[PDB]
């Protein structure tokens, strides 16, 4: 693997390889002894747009591997208004570092960068169209907590129309077997039809549901995403929507599923669900570190 630009670039087997590697990274972390796997290696964080979350996780992952990190987070005026084009910055930075995590608004930005970069490019959103690492950690969470990915019944709740990370996860799962999908959302925010077509073609068993109550307790994974306010300018109607799709304790009690949420969690899930056994989004967050560790390590070693 030369770069990690989009989930579209890797198959089931290669995904499972990355997951195995992540399980190993997790054990290493459990060791509490200093790891030197990437000692002497430098990760360059290159963000034209902000993402404290993305930066922290990758920075943690790299440092857990004994590696170093240089950071470049503002380029909305630090070089985009300073003149330097993307391809110039990439070239300068691939000369400094050993690997780059890039978050750039322009479409195909990460792909172009990989073309001019002498080091591996990791795409952390362009500007948030394809986020492979988020999708990999989601899959990792499922494997860890459920045992394996094939044969799961997963339900997605929230804005399925603009949920980029849902989109990415949905596609990735279509590469697996016997996966039943449930798409719960406001009628206004249903999964993009083109995707629906992809699922139908791949002959995936799926359902579009209007309500959370339309779900039986056969679902193995509840993956909840955000429903932003920009979708309902009227505070009154927005109350309605939030109320209908907010995950609450009473609805969770005695359920089989685990609950996943890419974070941050704002309104989607009540605070008194956090302490329920099925709540796993914070554990999910942690899993993000071992899989980013595997990703970092793999890209370094695959290319030298």
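Positions refer to the first chain, counted from 1.
Segment of higher mean CA temperature factor, 73-81 or 141-149: Here the higher of the two C-alpha B-factor means belongs to 73-81.
265-273 or 35-43, whichever carries the higher mean Cα B-factor: Per the PDB entry, the higher value belongs to 265-273.
From 95, 186, 120, 125, residue of greatest CA B-factor: Reading the PDB entry, the winner on C-alpha B-factor is 125.
89, 130, 133, 178, ranked by C-alpha B-factor: the highest one: The listed residue with the largest C-alpha B-factor is 130.
Residue 215 - which third its CA temperature factor falls in, relative to the rest of the chain: According to the entry, residue 215 has a C-alpha B-factor in the chain's highest third.
Chain third (lowest, middle, highest) by recorded CA B-factor, residue given as residue 8: Middle third of the chain for residue 8's C-alpha B-factor.
Residue 278 - Cα temperature factor, lowest/middle/highest third of chain: According to the entry, residue 278 has a C-alpha B-factor in the chain's middle third.
Residue 240 - which third its CA temperature factor falls in, relative to the rest of the chain: Tercile = highest for this residue's CA B-factor.
Relative C-alpha B-factor of residue 201, binned into the chain's lowest, middle or highest third: Within its chain, residue 201 is a highest-third residue by C-alpha B-factor, going by the deposited values.
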